[PDB]
file model.txt (compact mmCIF, C-alpha atoms)
# COMPACT_ATOMS: atom_id res chain seq x y z
CA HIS A 19 -15.52 18.00 -8.30
CA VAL A 20 -15.54 21.67 -7.62
CA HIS A 21 -12.39 21.93 -5.44
CA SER A 22 -12.90 22.04 -1.64
CA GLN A 23 -10.12 22.64 0.87
CA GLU A 24 -9.70 19.59 3.08
CA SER A 25 -10.48 20.72 6.62
CA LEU A 26 -7.56 20.77 9.08
CA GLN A 27 -9.52 18.23 11.16
CA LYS A 28 -10.08 16.03 8.07
CA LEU A 29 -6.27 15.90 7.57
CA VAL A 30 -5.56 15.22 11.26
CA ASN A 31 -8.01 12.36 10.90
CA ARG A 32 -6.30 10.81 7.90
CA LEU A 33 -3.01 11.07 9.78
CA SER A 34 -4.47 9.35 12.86
CA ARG A 35 -5.56 6.50 10.62
CA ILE A 36 -2.03 6.22 9.21
CA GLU A 37 -0.61 6.14 12.76
CA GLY A 38 -3.03 3.31 13.70
CA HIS A 39 -2.01 1.48 10.56
CA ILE A 40 1.68 1.68 11.42
CA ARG A 41 0.95 0.38 14.90
CA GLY A 42 -0.84 -2.51 13.12
CA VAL A 43 2.29 -3.33 11.10
CA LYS A 44 4.22 -3.41 14.40
CA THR A 45 1.84 -5.95 15.93
CA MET A 46 2.22 -8.12 12.79
CA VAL A 47 5.98 -8.17 13.17
CA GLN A 48 5.78 -9.13 16.89
CA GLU A 49 3.59 -12.08 15.83
CA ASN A 50 6.16 -13.28 13.21
CA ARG A 51 3.56 -13.12 10.38
CA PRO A 52 4.92 -13.86 6.86
CA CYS A 53 7.02 -11.26 5.05
CA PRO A 54 4.61 -10.77 2.07
CA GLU A 55 1.66 -10.07 4.41
CA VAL A 56 3.76 -7.51 6.30
CA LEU A 57 4.91 -5.86 3.04
CA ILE A 58 1.30 -5.69 1.79
CA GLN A 59 0.40 -3.72 4.93
CA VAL A 60 3.49 -1.42 4.58
CA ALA A 61 2.45 -0.69 0.95
CA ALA A 62 -1.05 0.33 2.13
CA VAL A 63 0.46 2.69 4.69
CA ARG A 64 2.71 4.21 2.03
CA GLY A 65 -0.34 4.57 -0.26
CA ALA A 66 -2.24 6.33 2.52
CA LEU A 67 0.68 8.65 3.11
CA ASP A 68 0.89 9.52 -0.59
CA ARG A 69 -2.84 10.40 -0.70
CA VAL A 70 -2.41 12.72 2.30
CA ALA A 71 0.58 14.36 0.68
CA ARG A 72 -1.42 14.73 -2.49
CA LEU A 73 -4.28 16.46 -0.64
CA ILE A 74 -1.94 18.94 1.00
CA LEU A 75 -0.37 19.70 -2.34
CA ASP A 76 -3.74 20.20 -4.08
CA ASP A 77 -4.74 22.81 -1.47
CA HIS A 78 -1.38 24.57 -1.82
CA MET A 79 -1.72 24.60 -5.65
CA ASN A 80 -5.20 26.02 -5.26
CA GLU A 81 -3.89 28.92 -3.09
CA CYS A 82 -1.05 29.58 -5.57
CA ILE A 83 -3.20 29.75 -8.67
CA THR A 84 -5.95 31.67 -6.81
CA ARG A 85 -3.43 34.26 -5.51
CA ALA A 86 -2.05 34.61 -9.08
CA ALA A 87 -5.46 35.46 -10.51
CA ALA A 88 -6.19 37.84 -7.60
CA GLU A 89 -2.91 39.64 -7.34
CA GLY A 90 -1.06 38.90 -10.69
CA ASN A 91 2.40 37.93 -9.32
CA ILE A 92 2.96 34.94 -11.56
CA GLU A 93 6.75 34.54 -10.84
CA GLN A 94 6.33 34.35 -7.04
CA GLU A 95 3.45 31.91 -7.34
CA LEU A 96 5.17 29.63 -9.81
CA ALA A 97 8.20 29.51 -7.53
CA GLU A 98 5.98 28.63 -4.54
CA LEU A 99 4.39 25.82 -6.45
CA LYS A 100 7.73 24.49 -7.63
CA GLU A 101 9.17 24.38 -4.12
CA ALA A 102 6.20 22.39 -2.94
CA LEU A 103 6.59 19.95 -5.88
CA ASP A 104 10.31 19.65 -5.24
CA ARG A 105 9.63 18.41 -1.68
CA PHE A 106 6.66 16.28 -2.80
CA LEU A 107 8.53 14.33 -5.53
CA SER B 22 15.35 -13.20 15.50
CA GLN B 23 14.83 -11.69 19.00
CA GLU B 24 17.77 -9.53 17.88
CA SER B 25 16.49 -8.47 14.42
CA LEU B 26 12.74 -8.34 15.19
CA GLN B 27 13.21 -5.79 17.98
CA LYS B 28 15.24 -3.55 15.65
CA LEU B 29 12.32 -3.48 13.19
CA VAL B 30 9.78 -2.84 15.92
CA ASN B 31 11.91 0.09 17.01
CA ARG B 32 12.04 1.57 13.52
CA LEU B 33 8.30 1.25 13.28
CA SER B 34 7.76 2.98 16.65
CA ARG B 35 9.97 5.86 15.36
CA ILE B 36 7.93 6.11 12.19
CA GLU B 37 4.75 6.26 14.36
CA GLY B 38 6.26 9.09 16.44
CA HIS B 39 7.21 10.88 13.24
CA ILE B 40 3.68 10.72 11.91
CA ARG B 41 2.45 12.24 15.19
CA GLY B 42 5.00 15.01 14.51
CA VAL B 43 3.48 15.70 11.10
CA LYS B 44 0.02 15.84 12.79
CA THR B 45 1.16 18.43 15.32
CA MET B 46 2.65 20.48 12.47
CA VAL B 47 -0.64 20.58 10.63
CA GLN B 48 -2.60 21.64 13.78
CA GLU B 49 -0.11 24.51 14.14
CA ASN B 50 -0.64 25.68 10.55
CA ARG B 51 3.09 25.43 9.66
CA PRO B 52 3.98 26.11 6.01
CA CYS B 53 3.28 23.47 3.36
CA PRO B 54 6.94 22.84 2.31
CA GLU B 55 7.95 22.20 5.96
CA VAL B 56 5.10 19.72 6.35
CA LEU B 57 6.06 18.01 3.06
CA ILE B 58 9.74 17.85 4.14
CA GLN B 59 8.62 15.91 7.23
CA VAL B 60 6.26 13.66 5.15
CA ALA B 61 9.23 12.91 2.78
CA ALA B 62 11.32 11.77 5.73
CA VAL B 63 8.47 9.53 6.94
CA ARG B 64 8.19 8.08 3.44
CA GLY B 65 11.93 7.51 3.31
CA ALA B 66 11.78 5.75 6.67
CA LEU B 67 8.97 3.54 5.48
CA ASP B 68 10.91 2.60 2.31
CA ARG B 69 13.95 1.55 4.39
CA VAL B 70 11.76 -0.63 6.60
CA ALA B 71 10.21 -2.23 3.52
CA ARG B 72 13.72 -2.82 2.20
CA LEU B 73 14.84 -4.48 5.46
CA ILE B 74 11.89 -6.83 5.42
CA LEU B 75 12.61 -7.83 1.82
CA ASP B 76 16.29 -8.43 2.67
CA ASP B 77 15.32 -10.89 5.44
CA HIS B 78 12.86 -12.69 3.11
CA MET B 79 15.52 -12.97 0.42
CA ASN B 80 18.01 -14.22 3.01
CA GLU B 81 15.66 -17.03 4.07
CA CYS B 82 15.04 -18.06 0.45
CA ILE B 83 18.71 -18.20 -0.55
CA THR B 84 19.76 -19.81 2.74
CA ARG B 85 17.09 -22.54 2.31
CA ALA B 86 18.21 -23.09 -1.33
CA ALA B 87 21.82 -23.68 -0.23
CA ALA B 88 20.68 -26.06 2.55
CA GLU B 89 17.88 -27.94 0.81
CA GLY B 90 17.86 -26.91 -2.90
CA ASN B 91 14.64 -26.54 -4.87
CA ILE B 92 16.29 -23.58 -6.54
CA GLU B 93 13.49 -22.97 -9.12
CA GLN B 94 10.84 -22.69 -6.36
CA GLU B 95 12.93 -20.34 -4.24
CA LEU B 96 13.80 -18.16 -7.21
CA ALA B 97 10.12 -17.90 -8.05
CA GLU B 98 9.39 -16.83 -4.44
CA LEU B 99 12.02 -14.14 -4.69
CA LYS B 100 10.59 -12.78 -7.96
CA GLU B 101 7.03 -12.73 -6.55
CA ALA B 102 8.26 -10.70 -3.54
CA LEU B 103 9.98 -8.23 -5.88
CA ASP B 104 6.79 -7.98 -7.99
CA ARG B 105 4.88 -6.70 -4.93
CA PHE B 106 7.80 -4.59 -3.59
CA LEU B 107 7.75 -2.53 -6.78
CA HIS C 19 7.47 -20.08 -16.07
CA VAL C 20 10.55 -22.14 -15.58
CA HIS C 21 13.19 -19.36 -15.53
CA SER C 22 15.11 -18.73 -18.79
CA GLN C 23 18.04 -16.32 -19.11
CA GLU C 24 17.14 -13.52 -21.49
CA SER C 25 19.57 -13.79 -24.40
CA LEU C 26 22.13 -10.96 -24.76
CA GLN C 27 20.58 -10.27 -28.18
CA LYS C 28 17.06 -10.21 -26.66
CA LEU C 29 18.24 -7.46 -24.24
CA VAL C 30 20.01 -5.48 -26.98
CA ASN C 31 16.72 -5.63 -28.83
CA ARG C 32 14.65 -4.27 -25.97
CA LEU C 33 17.19 -1.47 -25.61
CA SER C 34 16.99 -0.62 -29.33
CA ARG C 35 13.23 -0.31 -28.94
CA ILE C 36 13.70 2.06 -26.01
CA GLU C 37 16.13 4.16 -28.07
CA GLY C 38 13.57 4.38 -30.93
CA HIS C 39 10.93 5.36 -28.41
CA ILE C 40 13.04 8.20 -27.04
CA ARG C 41 13.67 9.45 -30.56
CA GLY C 42 9.84 9.39 -30.94
CA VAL C 43 9.41 11.63 -27.88
CA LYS C 44 11.92 14.04 -29.48
CA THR C 45 9.90 14.28 -32.69
CA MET C 46 6.76 14.99 -30.61
CA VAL C 47 8.46 17.90 -28.90
CA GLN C 48 9.67 19.40 -32.23
CA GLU C 49 6.04 19.29 -33.41
CA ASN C 50 4.78 21.18 -30.28
CA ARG C 51 2.31 18.36 -29.40
CA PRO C 52 0.41 18.81 -26.09
CA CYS C 53 2.21 18.26 -22.78
CA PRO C 54 -0.01 15.34 -21.58
CA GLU C 55 0.58 13.40 -24.83
CA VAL C 56 4.34 13.92 -24.47
CA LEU C 57 4.25 12.83 -20.80
CA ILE C 58 2.25 9.71 -21.70
CA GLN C 59 5.03 8.73 -24.12
CA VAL C 60 7.79 9.50 -21.52
CA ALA C 61 5.95 7.26 -19.00
CA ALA C 62 5.92 4.38 -21.54
CA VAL C 63 9.66 4.78 -22.08
CA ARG C 64 10.25 4.75 -18.33
CA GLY C 65 8.05 1.63 -18.06
CA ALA C 66 10.07 -0.06 -20.79
CA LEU C 67 13.29 0.84 -19.01
CA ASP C 68 12.02 -0.58 -15.72
CA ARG C 69 11.10 -3.91 -17.40
CA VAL C 70 14.61 -4.16 -18.89
CA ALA C 71 16.16 -3.42 -15.53
CA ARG C 72 13.90 -6.02 -13.99
CA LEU C 73 15.02 -8.66 -16.51
CA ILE C 74 18.68 -7.99 -15.84
CA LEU C 75 18.08 -8.24 -12.13
CA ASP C 76 16.14 -11.53 -12.43
CA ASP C 77 19.08 -13.13 -14.30
CA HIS C 78 21.54 -11.82 -11.71
CA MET C 79 19.36 -13.18 -8.85
CA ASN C 80 19.21 -16.51 -10.63
CA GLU C 81 23.05 -16.70 -10.82
CA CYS C 82 23.35 -15.71 -7.14
CA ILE C 83 20.93 -18.28 -5.79
CA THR C 84 22.24 -20.96 -8.21
CA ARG C 85 25.88 -20.31 -7.14
CA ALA C 86 24.76 -20.52 -3.47
CA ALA C 87 23.24 -23.97 -3.94
CA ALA C 88 26.27 -25.13 -5.96
CA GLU C 89 29.07 -23.74 -3.88
CA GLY C 90 27.46 -22.87 -0.44
CA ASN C 91 28.88 -19.34 0.06
CA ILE C 92 25.69 -17.73 1.30
CA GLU C 93 27.33 -14.49 2.66
CA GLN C 94 29.06 -13.60 -0.63
CA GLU C 95 25.93 -14.32 -2.64
CA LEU C 96 23.61 -12.35 -0.41
CA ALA C 97 25.98 -9.40 -0.61
CA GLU C 98 26.05 -9.65 -4.43
CA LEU C 99 22.30 -9.64 -4.57
CA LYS C 100 22.03 -6.69 -2.21
CA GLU C 101 24.43 -4.57 -4.24
CA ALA C 102 22.40 -5.21 -7.34
CA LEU C 103 19.17 -4.26 -5.50
CA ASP C 104 20.80 -1.15 -4.08
CA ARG C 105 21.53 0.12 -7.62
CA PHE C 106 18.15 -1.09 -8.94
CA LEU C 107 16.00 0.71 -6.32
CA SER D 22 9.79 28.56 -27.11
CA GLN D 23 12.59 28.24 -29.75
CA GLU D 24 14.76 28.77 -26.65
CA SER D 25 13.16 26.20 -24.30
CA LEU D 26 12.15 23.57 -26.90
CA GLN D 27 15.73 23.15 -28.14
CA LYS D 28 16.95 22.62 -24.55
CA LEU D 29 14.49 19.72 -24.17
CA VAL D 30 15.41 18.23 -27.52
CA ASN D 31 19.02 18.32 -26.40
CA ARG D 32 18.28 16.52 -23.15
CA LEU D 33 16.40 13.88 -25.07
CA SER D 34 19.28 13.38 -27.53
CA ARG D 35 21.61 12.88 -24.49
CA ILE D 36 19.26 10.33 -23.02
CA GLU D 37 19.24 8.50 -26.41
CA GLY D 38 23.07 8.47 -26.44
CA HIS D 39 23.05 7.17 -22.89
CA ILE D 40 20.78 4.29 -23.79
CA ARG D 41 23.18 3.38 -26.61
CA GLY D 42 25.89 3.37 -23.91
CA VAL D 43 23.94 0.86 -21.84
CA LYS D 44 23.56 -1.30 -25.00
CA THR D 45 27.29 -1.32 -25.65
CA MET D 46 27.87 -2.29 -22.01
CA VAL D 47 25.62 -5.30 -22.31
CA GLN D 48 27.31 -6.50 -25.55
CA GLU D 49 30.63 -6.32 -23.69
CA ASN D 50 29.34 -8.45 -20.79
CA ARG D 51 30.19 -5.80 -18.15
CA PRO D 52 29.07 -6.59 -14.58
CA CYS D 53 25.42 -6.24 -13.61
CA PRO D 54 25.86 -3.46 -10.98
CA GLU D 55 27.77 -1.28 -13.50
CA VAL D 56 24.99 -1.75 -16.06
CA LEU D 57 22.35 -0.93 -13.42
CA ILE D 58 24.30 2.19 -12.33
CA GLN D 59 24.08 3.43 -15.93
CA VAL D 60 20.35 2.47 -16.20
CA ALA D 61 19.71 4.45 -12.93
CA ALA D 62 21.31 7.53 -14.47
CA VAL D 63 19.16 7.15 -17.60
CA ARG D 64 16.08 6.83 -15.39
CA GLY D 65 17.11 9.90 -13.43
CA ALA D 66 17.56 11.82 -16.67
CA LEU D 67 14.15 10.76 -17.87
CA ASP D 68 12.53 11.87 -14.58
CA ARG D 69 14.11 15.34 -14.88
CA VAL D 70 12.81 15.69 -18.43
CA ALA D 71 9.34 14.65 -17.28
CA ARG D 72 9.60 17.23 -14.51
CA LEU D 73 10.60 20.00 -16.96
CA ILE D 74 7.64 19.25 -19.19
CA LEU D 75 5.26 19.37 -16.23
CA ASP D 76 6.76 22.69 -15.09
CA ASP D 77 6.05 24.27 -18.51
CA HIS D 78 2.46 22.90 -18.50
CA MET D 79 1.88 24.27 -15.01
CA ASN D 80 3.37 27.60 -16.07
CA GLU D 81 0.91 27.89 -18.97
CA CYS D 82 -2.05 27.03 -16.74
CA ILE D 83 -1.21 29.55 -14.00
CA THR D 84 -0.20 32.24 -16.50
CA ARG D 85 -3.52 31.82 -18.37
CA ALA D 86 -5.44 31.95 -15.04
CA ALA D 87 -3.82 35.29 -14.13
CA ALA D 88 -4.53 36.69 -17.62
CA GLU D 89 -8.00 35.28 -18.29
CA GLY D 90 -9.25 33.59 -15.06
CA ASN D 91 -11.34 30.43 -15.15
CA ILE D 92 -9.40 29.35 -12.09
CA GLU D 93 -11.47 26.18 -11.38
CA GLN D 94 -10.85 24.84 -14.92
CA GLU D 95 -7.12 25.54 -14.80
CA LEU D 96 -6.76 24.01 -11.36
CA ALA D 97 -8.51 20.90 -12.61
CA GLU D 98 -6.07 20.73 -15.56
CA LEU D 99 -3.16 20.95 -13.18
CA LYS D 100 -4.49 18.13 -10.98
CA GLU D 101 -5.14 15.87 -14.00
CA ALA D 102 -1.52 16.40 -15.14
CA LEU D 103 -0.26 15.49 -11.66
CA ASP D 104 -2.51 12.38 -11.64
CA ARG D 105 -0.68 11.06 -14.74
CA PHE D 106 2.78 12.30 -13.63
CA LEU D 107 2.56 10.10 -10.53
call {"tool": "encode", "arguments": {"input": "model.txt", "output": "structure tokens"}}
result
Amino acid sequence: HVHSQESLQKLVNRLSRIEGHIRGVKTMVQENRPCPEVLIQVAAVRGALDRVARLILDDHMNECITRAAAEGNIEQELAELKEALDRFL
Amino acid sequence: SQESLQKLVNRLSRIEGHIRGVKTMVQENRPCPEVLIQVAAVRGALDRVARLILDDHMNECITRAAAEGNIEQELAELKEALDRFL
Amino acid sequence: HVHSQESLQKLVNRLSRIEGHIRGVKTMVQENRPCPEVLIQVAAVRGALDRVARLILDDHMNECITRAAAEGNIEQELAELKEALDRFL
Amino acid sequence: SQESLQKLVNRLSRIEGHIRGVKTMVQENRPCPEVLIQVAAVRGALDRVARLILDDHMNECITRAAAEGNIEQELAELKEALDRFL
């Protein structure tokens, strides 16, 4: 890669897919499908969520390190990154 | 069943509503930490649902072992479920 | 497998290995080795810890389900299992 | 450095002592939940150490970017570190 900001619309998309996938898990439960099948689908949803989170974080990181090079305020930018990682982890 | 199933459906509807909430936040260009705080809550909610489903599975396995034995088989089912839950 | 209880001594062993592995991470830090190398070693220690935890849990689960078949007290045994999972997760 | 390195060494010595504590508990046949409560604390401590090491790495990368640029390269180092940290 050379890093590209994920478009707002690209993120909204990924989130719509995650919504549809949760609605799918709900259908599975109503049909009394086996517990391991349901858990497999829940795991996939959680994986999808993590990848969205990770994309949002990458773009944030990019702004922080870019703003540091541009403007030189390393302390502020570190502290911004660390907040975002706190809430991500 | 009718009792417990509906509770899970409900939780899953709430999670769905919460993901819509995260979508709205993104469209409104709200700060990253606020969006991630909401994503963390969704992830927490998903974990608790996963945990409830595992509890019911484990309940069936142990209940069936008490009733009908085949303890080795049931134990091995429990361990396989834990393999995929972690 | 047919399930076998991990011996007390087998567990003490695995824990001694984890101790030695943490002491190894400490040496790496004193020698100012690169951060990704150090984190790779920390991950391995965490993995080793998880596998120990998992073994202790498997043996507990085995006692709970065995005691349920033997004695029939499903409620007590479920609640024992769930406590152990609470502190494991 | 001499300052920060020693703090990490210390944390790692405490983690080592804590794993000995878990070993003693097992030899004394203490209940499973008590042993797992102590293992959870060790795992927590290990996570915090991992997090401190990542913070220092990230600090070097951003600091070097402000001083000397090559922002794309540094960003890619940060993302690679996060790949392995999760």
call {"tool": "residues_around", "arguments": {"input": "model.txt", "residues": "residue 45 in chain A", "least_positions_apart": "6", "cutoff": "10 Å", "atoms": "all atoms listed in the file", "output": "list in words"}}
result
residues 39, 51 and 56 of chain A; 30 of chain B
call {"tool": "closest_atom_pairs", "arguments": {"input": "model.txt", "of": "chain D", "to": "chain C", "cutoff": "10 Å", "atoms": "all atoms listed in the file", "output": "Markdown table"}}
result
| residue | atom | partner | partner_atom | distance |
| --- | --- | --- | --- | --- |
| D:22 | CA | C:50 | CA | 9.5 |
| D:23 | CA | C:48 | CA | 9.6 |
| D:26 | CA | C:47 | CA | 7.1 |
| D:27 | CA | C:48 | CA | 8.2 |
| D:29 | CA | C:47 | CA | 7.9 |
| D:30 | CA | C:44 | CA | 5.8 |
| D:31 | CA | C:44 | CA | 8.8 |
| D:32 | CA | C:44 | CA | 9.3 |
| D:33 | CA | C:44 | CA | 6.3 |
| D:34 | CA | C:41 | CA | 7.5 |
| D:36 | CA | C:40 | CA | 7.7 |
| D:37 | CA | C:37 | CA | 5.6 |
| D:38 | CA | C:37 | CA | 8.3 |
| D:39 | CA | C:37 | CA | 9.2 |
| D:40 | CA | C:37 | CA | 6.3 |
| D:41 | CA | C:37 | CA | 7.2 |
| D:43 | CA | C:33 | CA | 8.1 |
| D:44 | CA | C:30 | CA | 5.8 |
| D:45 | CA | C:30 | CA | 8.5 |
| D:46 | CA | C:30 | CA | 9.8 |
| D:47 | CA | C:26 | CA | 7.1 |
| D:48 | CA | C:26 | CA | 6.9 |
| D:49 | CA | C:26 | CA | 9.7 |
| D:50 | CA | C:26 | CA | 8.6 |
| D:52 | CA | C:78 | CA | 9.6 |
| D:53 | CA | C:102 | CA | 7.0 |
| D:54 | CA | C:102 | CA | 5.3 |
| D:55 | CA | C:105 | CA | 8.7 |
| D:56 | CA | C:74 | CA | 8.9 |
| D:57 | CA | C:105 | CA | 6.0 |
| D:58 | CA | C:105 | CA | 5.8 |
| D:59 | CA | C:105 | CA | 9.3 |
| D:60 | CA | C:71 | CA | 7.3 |
| D:61 | CA | C:106 | CA | 7.0 |
| D:63 | CA | C:67 | CA | 8.7 |
| D:64 | CA | C:64 | CA | 6.9 |
| D:65 | CA | C:64 | CA | 9.9 |
| D:67 | CA | C:64 | CA | 7.2 |
| D:68 | CA | C:64 | CA | 8.4 |
| D:70 | CA | C:60 | CA | 8.5 |
| D:71 | CA | C:57 | CA | 6.5 |
| D:72 | CA | C:57 | CA | 9.4 |
| D:74 | CA | C:53 | CA | 6.6 |
| D:75 | CA | C:53 | CA | 7.3 |
| D:76 | CA | C:53 | CA | 10.0 |
| D:77 | CA | C:53 | CA | 8.3 |
| D:78 | CA | C:53 | CA | 6.3 |
| D:79 | CA | C:53 | CA | 9.8 |
| D:101 | CA | C:54 | CA | 9.2 |
| D:102 | CA | C:54 | CA | 6.7 |
| D:103 | CA | C:54 | CA | 9.9 |
| D:105 | CA | C:58 | CA | 7.7 |
| D:106 | CA | C:57 | CA | 7.3 |
| D:107 | CA | C:61 | CA | 9.6 |
call {"tool": "write_last_selection", "arguments": {"input": "model.txt", "atoms": "C-alpha atoms", "output": "short mmCIF file (atom, residue, chain, number, x, y, z; two decimals), in the coordinates of the input"}}
result
data_model
loop_
_atom_site.label_atom_id
_atom_site.label_comp_id
_atom_site.auth_asym_id
_atom_site.auth_seq_id
_atom_site.Cartn_x
_atom_site.Cartn_y
_atom_site.Cartn_z
CA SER D 22 9.79 28.56 -27.11
CA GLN D 23 12.59 28.24 -29.75
CA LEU D 26 12.15 23.57 -26.90
CA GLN D 27 15.73 23.15 -28.14
CA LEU D 29 14.49 19.72 -24.17
CA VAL D 30 15.41 18.23 -27.52
CA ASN D 31 19.02 18.32 -26.40
CA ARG D 32 18.28 16.52 -23.15
CA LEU D 33 16.40 13.88 -25.07
CA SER D 34 19.28 13.38 -27.53
CA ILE D 36 19.26 10.33 -23.02
CA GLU D 37 19.24 8.50 -26.41
CA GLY D 38 23.07 8.47 -26.44
CA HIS D 39 23.05 7.17 -22.89
CA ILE D 40 20.78 4.29 -23.79
CA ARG D 41 23.18 3.38 -26.61
CA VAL D 43 23.94 0.86 -21.84
CA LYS D 44 23.56 -1.30 -25.00
CA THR D 45 27.29 -1.32 -25.65
CA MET D 46 27.87 -2.29 -22.01
CA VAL D 47 25.62 -5.30 -22.31
CA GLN D 48 27.31 -6.50 -25.55
CA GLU D 49 30.63 -6.32 -23.69
CA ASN D 50 29.34 -8.45 -20.79
CA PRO D 52 29.07 -6.59 -14.58
CA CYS D 53 25.42 -6.24 -13.61
CA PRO D 54 25.86 -3.46 -10.98
CA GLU D 55 27.77 -1.28 -13.50
CA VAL D 56 24.99 -1.75 -16.06
CA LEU D 57 22.35 -0.93 -13.42
CA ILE D 58 24.30 2.19 -12.33
CA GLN D 59 24.08 3.43 -15.93
CA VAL D 60 20.35 2.47 -16.20
CA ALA D 61 19.71 4.45 -12.93
CA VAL D 63 19.16 7.15 -17.60
CA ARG D 64 16.08 6.83 -15.39
CA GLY D 65 17.11 9.90 -13.43
CA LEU D 67 14.15 10.76 -17.87
CA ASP D 68 12.53 11.87 -14.58
CA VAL D 70 12.81 15.69 -18.43
CA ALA D 71 9.34 14.65 -17.28
CA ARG D 72 9.60 17.23 -14.51
CA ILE D 74 7.64 19.25 -19.19
CA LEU D 75 5.26 19.37 -16.23
CA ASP D 76 6.76 22.69 -15.09
CA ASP D 77 6.05 24.27 -18.51
CA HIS D 78 2.46 22.90 -18.50
CA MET D 79 1.88 24.27 -15.01
CA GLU D 101 -5.14 15.87 -14.00
CA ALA D 102 -1.52 16.40 -15.14
CA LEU D 103 -0.26 15.49 -11.66
CA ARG D 105 -0.68 11.06 -14.74
CA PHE D 106 2.78 12.30 -13.63
CA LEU D 107 2.56 10.10 -10.53
#
call {"tool": "closest_residue", "arguments": {"input": "model.txt", "among": "C:96, C:73, C:88, C:62", "to": "residue 90 in chain B", "atoms": "only C-alpha atoms"}}
result
C:88
call {"tool": "atom_distance", "arguments": {"input": "model.txt", "atom1": "CA of residue 20 in chain A", "atom2": "CA of residue 97 in chain D"}}
result
8.7 Å
call {"tool": "closest_residue", "arguments": {"input": "model.txt", "among": "A:59, A:81, A:35, A:90", "to": "residue 85 in chain D", "atoms": "only C-alpha atoms"}}
result
A:90
call {"tool": "atom_distance", "arguments": {"input": "model.txt", "atom1": "CA of residue 55 in chain C", "atom2": "CA of residue 104 in chain B"}}
result
27.9 Å
call {"tool": "atom_distance", "arguments": {"input": "model.txt", "atom1": "CA of residue 69 in chain D", "atom2": "CA of residue 62 in chain B"}}
result
21.1 Å
call {"tool": "axis_aligned_box", "arguments": {"input": "model.txt", "around": "range 85-100 of chain B", "padding_each_side": "5 Å", "output": "JSON"}}
result
{"center_x": 15.6, "center_y": -20.4, "center_z": -3.3, "size_x": 22.4, "size_y": 25.2, "size_z": 21.7}
call {"tool": "build_atoms", "arguments": {"input": "model.txt", "residues": "range 61-71 of chain C", "atoms": "N, CA, C and O atoms", "output": "compact mmCIF listing (two decimals), in the frame of the given file"}}
result
# COMPACT_ATOMS: atom_id res chain seq x y z
N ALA C 61 6.33 8.32 -19.96
CA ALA C 61 5.95 7.26 -19.00
C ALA C 61 6.17 5.85 -19.60
O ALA C 61 6.68 4.95 -18.94
N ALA C 62 5.79 5.68 -20.86
CA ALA C 62 5.92 4.38 -21.54
C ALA C 62 7.39 3.99 -21.68
O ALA C 62 7.75 2.83 -21.55
N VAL C 63 8.22 4.98 -22.01
CA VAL C 63 9.66 4.78 -22.08
C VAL C 63 10.22 4.38 -20.70
O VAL C 63 11.01 3.45 -20.58
N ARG C 64 9.83 5.10 -19.66
CA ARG C 64 10.25 4.75 -18.33
C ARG C 64 9.77 3.33 -17.95
O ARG C 64 10.53 2.54 -17.38
N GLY C 65 8.55 2.99 -18.29
CA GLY C 65 8.05 1.63 -18.06
C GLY C 65 8.89 0.59 -18.76
O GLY C 65 9.26 -0.43 -18.16
N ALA C 66 9.24 0.87 -20.01
CA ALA C 66 10.07 -0.06 -20.79
C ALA C 66 11.44 -0.24 -20.18
O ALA C 66 12.02 -1.32 -20.24
N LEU C 67 12.00 0.87 -19.69
CA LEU C 67 13.29 0.84 -19.01
C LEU C 67 13.25 -0.02 -17.76
O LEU C 67 14.17 -0.78 -17.50
N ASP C 68 12.20 0.16 -16.95
CA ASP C 68 12.02 -0.58 -15.72
C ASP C 68 11.97 -2.08 -16.01
O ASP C 68 12.62 -2.84 -15.32
N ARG C 69 11.26 -2.49 -17.06
CA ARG C 69 11.10 -3.91 -17.40
C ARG C 69 12.41 -4.53 -17.86
O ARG C 69 12.70 -5.66 -17.50
N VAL C 70 13.21 -3.77 -18.60
CA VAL C 70 14.61 -4.16 -18.89
C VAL C 70 15.47 -4.32 -17.63
O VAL C 70 16.20 -5.31 -17.48
N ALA C 71 15.42 -3.33 -16.76
CA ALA C 71 16.16 -3.42 -15.53
C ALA C 71 15.75 -4.67 -14.79
O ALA C 71 16.59 -5.43 -14.32
